[PDB]
Amino acid sequence: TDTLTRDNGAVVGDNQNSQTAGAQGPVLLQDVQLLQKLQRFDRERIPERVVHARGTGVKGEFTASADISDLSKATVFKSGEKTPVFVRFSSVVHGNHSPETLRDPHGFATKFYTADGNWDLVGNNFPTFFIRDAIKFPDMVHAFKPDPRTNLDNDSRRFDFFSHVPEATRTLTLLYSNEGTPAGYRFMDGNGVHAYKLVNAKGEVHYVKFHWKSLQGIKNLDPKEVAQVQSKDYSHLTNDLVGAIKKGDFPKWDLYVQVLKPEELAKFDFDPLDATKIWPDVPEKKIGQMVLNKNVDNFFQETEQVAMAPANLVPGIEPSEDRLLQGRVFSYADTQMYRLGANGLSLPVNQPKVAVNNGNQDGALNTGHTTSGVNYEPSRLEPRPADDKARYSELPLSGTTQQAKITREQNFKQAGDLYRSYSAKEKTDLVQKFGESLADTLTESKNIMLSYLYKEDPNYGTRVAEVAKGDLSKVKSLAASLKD
Amino acid sequence: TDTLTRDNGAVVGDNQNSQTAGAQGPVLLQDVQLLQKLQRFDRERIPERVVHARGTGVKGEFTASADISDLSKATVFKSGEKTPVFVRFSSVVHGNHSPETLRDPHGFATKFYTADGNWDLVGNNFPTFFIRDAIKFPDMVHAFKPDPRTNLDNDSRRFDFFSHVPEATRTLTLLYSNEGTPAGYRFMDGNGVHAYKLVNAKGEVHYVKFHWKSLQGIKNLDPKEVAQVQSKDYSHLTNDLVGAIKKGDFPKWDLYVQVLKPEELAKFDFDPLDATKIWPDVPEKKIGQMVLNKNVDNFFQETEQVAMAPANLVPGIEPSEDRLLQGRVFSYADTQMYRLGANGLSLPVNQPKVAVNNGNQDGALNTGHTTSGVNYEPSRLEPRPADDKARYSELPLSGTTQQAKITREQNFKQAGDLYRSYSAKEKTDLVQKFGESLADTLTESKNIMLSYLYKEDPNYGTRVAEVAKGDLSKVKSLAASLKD
Amino acid sequence: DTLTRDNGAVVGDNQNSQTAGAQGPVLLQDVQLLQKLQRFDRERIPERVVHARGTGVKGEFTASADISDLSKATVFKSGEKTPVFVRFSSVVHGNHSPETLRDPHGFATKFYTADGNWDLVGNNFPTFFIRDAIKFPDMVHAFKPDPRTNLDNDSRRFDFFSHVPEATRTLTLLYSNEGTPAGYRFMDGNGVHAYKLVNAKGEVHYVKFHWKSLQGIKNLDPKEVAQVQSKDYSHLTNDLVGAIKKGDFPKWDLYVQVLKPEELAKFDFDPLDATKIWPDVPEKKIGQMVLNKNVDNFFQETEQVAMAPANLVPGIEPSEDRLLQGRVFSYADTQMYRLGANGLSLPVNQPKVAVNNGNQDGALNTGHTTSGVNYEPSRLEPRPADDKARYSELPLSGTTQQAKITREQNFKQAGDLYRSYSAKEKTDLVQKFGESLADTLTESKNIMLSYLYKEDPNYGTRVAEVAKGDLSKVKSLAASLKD
Amino acid sequence: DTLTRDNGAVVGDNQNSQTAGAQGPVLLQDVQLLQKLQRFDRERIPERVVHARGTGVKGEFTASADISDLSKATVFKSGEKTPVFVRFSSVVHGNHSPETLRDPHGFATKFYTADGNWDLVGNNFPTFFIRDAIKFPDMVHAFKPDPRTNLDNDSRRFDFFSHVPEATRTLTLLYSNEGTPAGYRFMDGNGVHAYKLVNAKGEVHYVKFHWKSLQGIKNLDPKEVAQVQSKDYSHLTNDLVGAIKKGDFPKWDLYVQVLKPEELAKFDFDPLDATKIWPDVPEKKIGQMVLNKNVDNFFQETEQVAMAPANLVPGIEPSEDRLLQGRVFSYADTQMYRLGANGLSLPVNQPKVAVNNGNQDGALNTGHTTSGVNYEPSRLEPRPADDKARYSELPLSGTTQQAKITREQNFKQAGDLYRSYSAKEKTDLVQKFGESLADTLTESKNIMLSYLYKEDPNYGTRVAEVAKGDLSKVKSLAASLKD
Ligand code: HEM
Ligand code: HEM
């Protein structure tokens, strides 16, 4: 077999014994194989993601199947176009080897390696989120994560924060339902959550929501099943997916879009760009199908180093003015400059399948081969012209610069409708899980949280208020003042 | 209450809404509060420890109680001397938020903030280790850790490695016994593993092993109890410890030493500086007592950032020539330069309780206030004399520089001793756990592993061979050729 | 006091490594050798991407006027005295580059105010070369040494600048003798952009800041530059540190130029264009600064200071100048990298008021947190905002867009500047610019010369001769340019 | 080709940021503005702790002797052609520091051999100032600019060197005109230390390496230094890059001086003392190097190359020189920080042979691993060692120790050097040392003078004059110094 070498290519003569000053003597500083193997070892780890640290990556392909040229000019949506993908599924709060049975929303991020560049659709199984403005994301994550004093879960903290956040009511209803503990990533849907802005070749815009429909169906664990699985397997989602792909049982999802024109936004009773809302009566249209059929070759180089970011957009796809999405356009590229580095987008899993041509340079571990003296634009010696067809869409403005919440909140209606859509057994599990989680919250926050659940549906609030030992008369009088 | 501020101290006007271009417009880049909060958030995480990433830190005090001036000049051992400590307990292989029920050795690292500087005793509950030379450490960890292709446990990998490592037999016997799954950190002992060299005021040396004897007793979980605990609690060791301290029930450990003179080592049939060995008949002497009685204030600032390293030594305590230990003198300080930074030892939790006076300077995030022009030694303007009493001890040398295994291995005797010391019930649990783990290893490595167990004790090897489905006749013939 | 390791243990020998016998190899277990070398091996951090070469000093600012109608900031309250940290610098070259190299010179002032830290990061030139921060990286890459060799190559800047008529004014300032100061004490400081001051009623004013040197202005001419460089590559640092050591403390008066929001539309140029001065707006004195103390340690203080236009206090906000808007992001961003997440907690960067927020962890966090409340809002440990500190509201119209400003006036002020120079000052300018332009590609060179010609026919004509451009092509090119 | 963003998407407008209307603020969603500024903000990495100012060129080495009796290394096989990367540098000052400043000049060569990459990291000076690596951080700290002001302050290095008599020989080379070369092309290079060469029979030889310039040696005297500095702060880079552009490729012959292990105890000095040359050992030529190609990109190649004495191939090992021993640790260590754990996988650092080991992960890992076997040994995917590559064995005796070498001889070789200088060179040497020593504290100054006086009474006497030392004290201190 080929000889073991050091990183400079030199063969190693003994990989079992350190060089010592005699049989009973100390180790020498000059043993370069010892030093190099330990300095590499000592530097293998990089920071985990600040959220969604626990994840599983797989590869597959997406094939478009409809004519949506009237909605978007992006080549990924052209009927019959087959684009390779990289998908990273994940939980949200806990560290990287945390039990996959822990209750949480699950991430569903798809990197499309399109012919116009890489587009990332960074979604979750839940179609709505807990907040509507990215300025609260650091606050929200800090409240959800383990207590900073102990590294132990302490749910009284998320309910202190969330008692000030009535808009979280619908998504907390998902979290504490059995949708919070899936049986496999193959048995969950995916949603973009926000409305994205699709732009056609005439410069016209449509606001669109994306949904991945599982062709395997939806399968969740109930709290007693969660405990049985957790007893022997702390990686059941990863085992399920990797194992399925090894057996050739490739999971698939159909992609659907819901569409609104800019002039329809103001007609609704809720704000269509509020990330805490679904669009209940807008029809869905199928535009493609993705199949995930290949495992990764190396977890660290692919799954750990993949950089998913809503900022990775192609002409024809832009962010909407959803205020949650707006901060996401900054945050992922920013964190990835730190987690990976300035040259993170040049790693194999992050590279586009098209040419990159710009003046960005240098930075740590630059692996390029540059020969030109022109790293500026414009240049008449080595021009790099822009493409006028790729200019951003123009959105009309009015009012003033401002710091004010959106005007139509409707914080409790959709939560109530979701609660009522649940089977009797689903409601029972949601009520017992939410109540157990809320039981030792401070009394003031506890009765305020329970007022939101009661305003969503009196049966929901009454039952969680019994489990959590809240004060039902205070819950009802607080709920009476809440506005629809 | 005090107004929320930005990091430059300027008060914040609205922490709930980002600044937007009208009520329906996009978010502005000039919103410095949004951008600061997101950039700080985006940079919260640092690399986890390459091993022992899952850990719990607490604080307490150690009080010495014997006259060991004959063995060491170090102040921490002076009778009645009280020294504050920081202890970090941990598992080894998996990451943060991995289940604390996972089978593994457990770390027991004590930072003593002595009156002569900080001394770290970085030990484990197991008194022996799997390998005896630090050049194999990276290989050993890579074999134990989850498969690099999938991030899932795959014990065929560790047994392909350990089939070439007959010296791992005794510690794999501890690993697969119920000592591999403790009921609490308070119910385990701690050991230095290596002999350390204590030096007295005359410059004379003694080799000593350290043992923390639990005053709460030893309590382990058997396989069925592990699954039951894991079903509901993935942080059972942290909860147990933080819990006890909150209730005032402070865990204690008596510190004992085993002592051998330099001239006695050659008389043993095993090498006393072999990390795979205990010293079976050397008497123990109690030298002090440690009580852990305070939880940390902030997990990140203290438990995550603490830097435990065998290199943090004080005059009177030095590393022995144990070849595993020698590598550890280099590796912890090296990985901390990366994980923390060049200024990592100036963080609050890592600072000594005595003055630091040297020419080490600059480096990222230097928080000092230097006024001198003298950052070199020697200097006649601002001298920094050495202390001739702190010169290292002189060890006699013989032979040549070399790369060769130690001359006495005795790889199976102590492992058989350990097996035979176990109760019938403990034997059954060991055999079932080891055999289930080994069952899908490649046949050649599996029968070689079994031969090691059979040579330790024929009953051990026969029973694990039945559970693992190895070939007994091949096991017996391979064992017949093994040497004692 | 005895020499120690970083753990506080005393060192027994700091002159000899531990070796295996008199003729033998060095031992891995010598922890003093390893810890000194590992710290030494990690002393350096990335230099600033621009302005790497700099000098820092400390002093104090005292406000002297009632400007409460313009800003509610406590720093400007007449009589208020505020400690300052100032960093002066060059722009293009590395940290030990000669201080005589031709460049704009930075003048950044960190005010440790009673409302928090406010940084006024300006330059001695009152105008900049570009007017939209999206071009900053390109501009800097064209100015810096050639990426192939690390050697100055002025044809690269004129290839870029031939597309940028808006750089005419400041290029005139660069190639003049103001491009090579005699001391930092002998130069003015300008904020360049208009900032928006907001008073206690919420009213806004657009203001320009100017530091007037009370030592006067003193530039070196070309011949004096080579003379000084021959023996001194740190002449600016030497002058300032030496002057403070002798007790000759340099002082600057701070002046403001003021405009109301409804006045911006009435000029022939865009008042928020960073390549423009405000020629006819009167100046008012609002305070004075004295720099009277040298630093204790260059690295801890001068190298680690983090100056950023985003360090704002109530009463001061960015204007819509498109150059400034980019700077509000870039400084804080690069400091997260060059220093780290906890860079603003280093001694030189800390404010003199408490910091109260949920920002946490990050590399080398030196705090002492005990609370479980790292989120807002909380009813257990609230951290209320102050409604009085809400940002001002600017009226908007039109659409989101990617389009240059409409009033450019790229040559007029460039010409006024040229013609304002003495005959000798003009001669030096023409020769420095023309020598720098000489080997630019012919198309860029004659386009550059057209911008100078459009500014002032004598200017363009004299540089064309030195630089060897085609006078007739310059004149026809200039014919097609708009004032 | 069309400009793109880093994800490959085409840019529609690289001239204007996206704003909220023509007079409105910039938008956070303009991903091109943010990605360009984020990349620009992170361009710089930490400069080398020493030798930050450098120039890199490429070339080829051709072996021309049969030295298989001394080393089994393929690089030295007669007729063997190996590609090289060479980086020349100054030592003490930061990037863009004047290349005329007085220092030793680095001469590092990376040989991309058929057995792996071998780096010969040398200098023009054949000796060094100190002899144990434990003092290296102290020495560098004393040599660099004062930590309080970032200005050169030569009193600091003499405070330090007044305790270091062994630096006399190299301080003599430093203050001579060898300290200011006219080009890297006109300077020799030396490995300084003895290296251990090992042949195919396991036999060892101690060897010194010397690169003989085939352009001759060309220095600048103090008056010429000032002239070049007045106008050129990159004279060495210019000279070397320009020479190669013209086709005038510089050449160096490689020579070795050989000693057997039993010969080291014979001499009156220690042959592994880095402050010593080997005066009477003869030199044999073993090959020639020609540098004939410039780099394509300065940052990717010259800034990112990783030169380290730890990059060894079979046939070559460190000797027991105590300064060399620390260098085996420190270069790889600083490169783990300056570059990263994956720094040896960058294009310029990669070997021309396959790398096969279980080193993995780390920041920005660009590999394409498929195996699950990242440990050794393995019976599934074995990675056997080669017994012929085992390290050589050195006989030991004594005990572990912290004690200076015994045969110091700190002054004789320095005096020898001085006496070989022409009258011109002696006067230049004397004026510079004296001028640098001038404001040192009297006690250190007179002790430095004693060392010079002990090397040679005229040296001592002539430098004590310029520096204003006290000759009677110098002579009585010198009286007591031993040979
Ligand atoms: C609709 C709401 C959101 C969804 C669906 C979502 C989804 C996700 C997913 C799936 C990932 C993991 C991607 C991967 O597998 O690598 C992730 C990571 C992340 N998210 Fe979000 N998230 C949302 C809200 C936010 C917000 C509001 C912010 C901040 C402004 C944010 C910041 C981050 C960060 C910093 C990471 C780590 C990325 C990395 O290190 O590569 N997210 N998110
Ligand atoms: C007797 C054998 C060993 C014992 C008892 C042991 C114990 C420990 C413990 C208790 C910790 C965690 C300290 C904490 O809580 O921060 C640790 C971490 C670590 N150990 Fe060991 N270990 C052993 C062998 C080794 C060897 C041979 C090496 C390498 C030569 C090594 C390298 C490391 C590293 C790099 C870390 C991470 C340190 C950090 O990031 O702060 N260990 N070990």
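Count begins at 1; order follows the chain as displayed.
Header says: X-ray crystallography, 1.8 Å.
Note: Cβ is positioned from N, Cα and C throughout, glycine not excepted.
Annotated features, as they stand in Swiss-Prot:
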ACT_SITE  B:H52  active site
ACT_SITE  B:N124  active site
BINDING   B:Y332  heme binding site
COMPBIAS  B:360-374  compositional bias 'Polar residues'
REGION    B:360-386  region 'Disordered'
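Known features from Swiss-Prot, placed on the structure.
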residue: B:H52; record: active site; Cβ contacts under 8 Å, 6 or more apart: B:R88, B:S90, B:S91, B:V92, B:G107, B:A109
residue: B:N124; record: active site; Cβ contacts under 8 Å, 6 or more apart: B:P105, B:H106, B:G107, B:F108, B:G190, B:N191, B:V193
residue: B:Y332; record: heme binding site; Cβ contacts under 8 Å, 6 or more apart: B:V122, B:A307, B:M308, B:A309, B:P310, B:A311
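Beyond the compositional bias 'Polar residues' (B:360-374), the same-chain residues lying 6 or more positions past its ends with a Cβ under 8 Å from any Cβ of the stretch are 341-343, 346, 381-382. DSSP assigns B:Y332 (heme binding site) to a helical segment in the three-state reduction.
Helix, strand and coil counts under DSSP for the region 'Disordered' (B:360-386) come to 0 helix, 0 strand, 27 coil.
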